[PDB]
file input.txt (compact mmCIF, C-alpha atoms)
# COMPACT_ATOMS: atom_id res chain seq x y z
CA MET B 1 97.58 -79.39 -1.13
CA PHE B 2 94.71 -81.89 -1.19
CA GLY B 3 93.69 -83.64 2.01
CA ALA B 4 91.10 -84.09 4.75
CA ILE B 5 91.34 -81.56 7.57
CA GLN B 6 89.23 -81.46 10.74
CA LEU B 7 88.16 -78.07 12.08
CA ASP B 8 86.21 -77.09 15.20
CA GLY B 9 83.59 -74.46 15.99
CA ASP B 10 86.25 -71.76 15.70
CA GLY B 11 87.75 -73.39 12.62
CA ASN B 12 91.01 -74.56 14.19
CA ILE B 13 92.80 -77.45 12.49
CA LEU B 14 92.55 -80.15 15.16
CA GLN B 15 93.85 -82.85 12.82
CA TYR B 16 95.31 -83.07 9.31
CA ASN B 17 95.20 -86.14 7.06
CA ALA B 18 96.48 -85.71 3.50
CA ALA B 19 94.74 -87.64 0.72
CA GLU B 20 95.58 -89.11 -2.68
CA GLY B 21 99.09 -89.56 -1.33
CA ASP B 22 101.55 -92.29 -0.36
CA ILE B 23 104.59 -90.49 1.05
CA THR B 24 104.35 -88.93 4.50
CA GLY B 25 107.25 -86.48 4.47
CA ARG B 26 105.23 -83.38 5.33
CA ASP B 27 105.35 -82.07 8.90
CA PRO B 28 101.67 -82.19 9.96
CA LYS B 29 102.33 -80.08 13.05
CA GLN B 30 102.81 -77.21 10.60
CA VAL B 31 99.02 -77.03 10.28
CA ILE B 32 98.07 -78.54 13.64
CA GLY B 33 96.66 -75.72 15.75
CA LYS B 34 96.56 -73.29 12.83
CA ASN B 35 93.33 -72.13 11.20
CA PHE B 36 92.38 -73.09 7.64
CA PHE B 37 91.89 -69.40 6.90
CA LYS B 38 94.74 -68.34 9.18
CA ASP B 39 97.58 -69.41 6.88
CA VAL B 40 96.55 -72.73 5.33
CA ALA B 41 94.36 -70.73 2.95
CA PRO B 42 94.50 -66.91 3.16
CA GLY B 43 92.68 -66.54 -0.15
CA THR B 44 89.75 -68.52 1.22
CA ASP B 45 89.06 -65.68 3.65
CA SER B 46 85.82 -64.76 1.88
CA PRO B 47 82.10 -64.75 2.76
CA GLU B 48 81.43 -67.29 0.01
CA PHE B 49 83.76 -69.84 1.59
CA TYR B 50 84.75 -68.83 5.12
CA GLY B 51 81.48 -67.01 5.71
CA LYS B 52 79.56 -70.18 4.90
CA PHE B 53 81.70 -72.17 7.34
CA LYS B 54 80.72 -69.87 10.21
CA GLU B 55 77.14 -69.52 8.98
CA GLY B 56 76.53 -73.26 8.96
CA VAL B 57 77.88 -73.50 12.50
CA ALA B 58 75.09 -71.27 13.82
CA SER B 59 72.64 -73.87 12.53
CA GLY B 60 74.70 -76.85 13.66
CA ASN B 61 75.03 -78.57 10.29
CA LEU B 62 77.48 -76.75 8.02
CA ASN B 63 76.73 -78.46 4.71
CA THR B 64 78.46 -76.94 1.68
CA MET B 65 79.73 -78.53 -1.53
CA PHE B 66 81.25 -76.55 -4.41
CA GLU B 67 84.43 -75.83 -6.37
CA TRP B 68 87.02 -73.25 -5.34
CA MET B 69 90.24 -71.90 -6.84
CA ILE B 70 93.34 -72.11 -4.64
CA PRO B 71 97.01 -71.19 -5.20
CA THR B 72 99.47 -73.97 -6.03
CA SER B 73 102.96 -74.65 -7.39
CA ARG B 74 101.70 -74.03 -10.93
CA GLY B 75 99.57 -71.09 -9.85
CA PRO B 76 95.84 -70.94 -9.06
CA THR B 77 93.76 -74.05 -9.78
CA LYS B 78 90.16 -75.18 -9.29
CA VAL B 79 89.34 -77.85 -6.71
CA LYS B 80 86.32 -79.62 -5.21
CA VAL B 81 85.72 -78.34 -1.68
CA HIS B 82 83.12 -79.92 0.60
CA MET B 83 82.42 -79.03 4.23
CA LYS B 84 80.21 -81.26 6.38
CA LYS B 85 79.65 -81.15 10.14
CA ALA B 86 80.95 -84.21 11.99
CA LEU B 87 78.60 -86.81 13.47
CA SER B 88 79.23 -85.70 17.06
CA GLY B 89 77.98 -82.26 16.07
CA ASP B 90 81.04 -80.51 17.49
CA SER B 91 83.31 -80.21 14.45
CA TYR B 92 83.50 -80.06 10.66
CA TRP B 93 85.44 -82.04 8.06
CA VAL B 94 86.96 -80.35 5.01
CA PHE B 95 87.38 -82.31 1.77
CA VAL B 96 89.59 -80.74 -0.89
CA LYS B 97 90.23 -82.68 -4.10
CA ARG B 98 91.19 -81.96 -7.71
CA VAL B 99 88.48 -81.13 -10.24
CA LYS B 100 88.54 -83.91 -12.84
CA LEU B 101 84.88 -84.37 -13.77
CA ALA B 102 84.40 -86.56 -10.70
CA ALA B 103 80.86 -85.31 -10.13
CA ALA B 104 78.26 -86.62 -12.58
CA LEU B 105 75.04 -88.48 -11.80
CA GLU B 106 73.56 -88.66 -15.30
CA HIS B 107 70.40 -90.69 -15.95
CA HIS B 108 71.34 -92.32 -19.25
CA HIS B 109 74.14 -92.13 -21.83
CA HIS B 110 74.25 -92.69 -25.59
CA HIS B 111 70.60 -91.63 -25.72
CA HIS B 112 68.83 -91.85 -29.08

call {"tool": "encode", "arguments": {"input": "input.txt", "output": "structure tokens"}}
result
Amino acid sequence: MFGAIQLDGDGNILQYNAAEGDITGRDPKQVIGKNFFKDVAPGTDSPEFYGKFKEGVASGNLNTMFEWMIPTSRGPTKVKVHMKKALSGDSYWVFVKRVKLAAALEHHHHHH
């Protein structure tokens, strides 16, 4: 379940846009209106993840980027989760992707 979801101050899924996908045979309304921690991700109901989402809101710039383990068809798996407050300053975008060594800003390779 990797995609870009848009949450509000309360954390309600206002819009859902799957990513790294081509087929659109998944009822989006299933998440529309529901909370990311409500059912979309019950295991993410922790202070490290959820807590940060609410904490950042108080400041008005929820900026968090880290990896989290979520349940899947083949069991629990790690994924890159990033939460950033929208530009309007009245919402937050959630980015959940697969962890495949995508992050890496080295300075130089094959050093001698």

call {"tool": "closest_atom_pairs", "arguments": {"input": "input.txt", "of": "segment 1-31 of chain B", "to": "segment 87-110 of chain B", "cutoff": "9 Å", "atoms": "all atoms listed in the file", "output": "JSON lines"}}
result
{"residue": "B:1", "atom": "CA", "partner": "B:96", "partner_atom": "CA", "distance": 8.1}
{"residue": "B:2", "atom": "CA", "partner": "B:96", "partner_atom": "CA", "distance": 5.3}
{"residue": "B:3", "atom": "CA", "partner": "B:96", "partner_atom": "CA", "distance": 5.8}
{"residue": "B:4", "atom": "CA", "partner": "B:95", "partner_atom": "CA", "distance": 5.1}
{"residue": "B:5", "atom": "CA", "partner": "B:94", "partner_atom": "CA", "distance": 5.2}
{"residue": "B:6", "atom": "CA", "partner": "B:93", "partner_atom": "CA", "distance": 4.7}
{"residue": "B:7", "atom": "CA", "partner": "B:92", "partner_atom": "CA", "distance": 5.3}
{"residue": "B:8", "atom": "CA", "partner": "B:91", "partner_atom": "CA", "distance": 4.3}
{"residue": "B:9", "atom": "CA", "partner": "B:91", "partner_atom": "CA", "distance": 6.0}
{"residue": "B:11", "atom": "CA", "partner": "B:92", "partner_atom": "CA", "distance": 8.1}
{"residue": "B:19", "atom": "CA", "partner": "B:97", "partner_atom": "CA", "distance": 8.3}
{"residue": "B:20", "atom": "CA", "partner": "B:97", "partner_atom": "CA", "distance": 8.5}

call {"tool": "write_last_selection", "arguments": {"input": "input.txt", "atoms": "C-alpha atoms", "output": "PDB file, in the frame of the given file"}}
result
ATOM      1  CA  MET B   1      97.580 -79.390  -1.130  1.00  0.00           C
ATOM      2  CA  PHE B   2      94.710 -81.890  -1.190  1.00  0.00           C
ATOM      3  CA  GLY B   3      93.690 -83.640   2.010  1.00  0.00           C
ATOM      4  CA  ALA B   4      91.100 -84.090   4.750  1.00  0.00           C
ATOM      5  CA  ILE B   5      91.340 -81.560   7.570  1.00  0.00           C
ATOM      6  CA  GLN B   6      89.230 -81.460  10.740  1.00  0.00           C
ATOM      7  CA  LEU B   7      88.160 -78.070  12.080  1.00  0.00           C
ATOM      8  CA  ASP B   8      86.210 -77.090  15.200  1.00  0.00           C
ATOM      9  CA  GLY B   9      83.590 -74.460  15.990  1.00  0.00           C
ATOM     10  CA  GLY B  11      87.750 -73.390  12.620  1.00  0.00           C
ATOM     11  CA  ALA B  19      94.740 -87.640   0.720  1.00  0.00           C
ATOM     12  CA  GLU B  20      95.580 -89.110  -2.680  1.00  0.00           C
TER      13      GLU B  20
END

call {"tool": "residues_around", "arguments": {"input": "input.txt", "residues": "residue 47 of chain B", "least_positions_apart": "5", "cutoff": "12 Å", "atoms": "all atoms listed in the file", "output": "list in words"}}
result
residues 37, 52, 53, 54, 55 and 56 of chain B

call {"tool": "atom_distance", "arguments": {"input": "input.txt", "atom1": "atom CA of residue 43 of chain B", "atom2": "atom CA of residue 71 of chain B"}}
result
8.1 Å

call {"tool": "residues_around", "arguments": {"input": "input.txt", "residues": "residue 66 of chain B", "least_positions_apart": "6", "cutoff": "10 Å", "atoms": "all atoms listed in the file", "output": "short mmCIF file (atom, residue, chain, number, x, y, z; two decimals) with C-alpha atoms, in the frame of the given file"}}
result
data_model
loop_
_atom_site.label_atom_id
_atom_site.label_comp_id
_atom_site.auth_asym_id
_atom_site.auth_seq_id
_atom_site.Cartn_x
_atom_site.Cartn_y
_atom_site.Cartn_z
CA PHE B 49 83.76 -69.84 1.59
CA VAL B 79 89.34 -77.85 -6.71
CA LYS B 80 86.32 -79.62 -5.21
CA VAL B 81 85.72 -78.34 -1.68
CA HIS B 82 83.12 -79.92 0.60
CA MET B 83 82.42 -79.03 4.23
CA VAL B 96 89.59 -80.74 -0.89
#

call {"tool": "residues_near_point", "arguments": {"input": "input.txt", "point": "(101.7, -78.7, 9.7)", "cutoff": "12 Å", "atoms": "only C-alpha atoms", "output": "PyMOL selection string"}}
result
chain B and resi 1+5+13-18+24-36+39-40

call {"tool": "atom_distance", "arguments": {"input": "input.txt", "atom1": "atom CA of residue 48 of chain B", "atom2": "atom CA of residue 84 of chain B"}}
result
15.4 Å

call {"tool": "atom_distance", "arguments": {"input": "input.txt", "atom1": "atom CA of residue 51 of chain B", "atom2": "atom CA of residue 86 of chain B"}}
result
18.3 Å
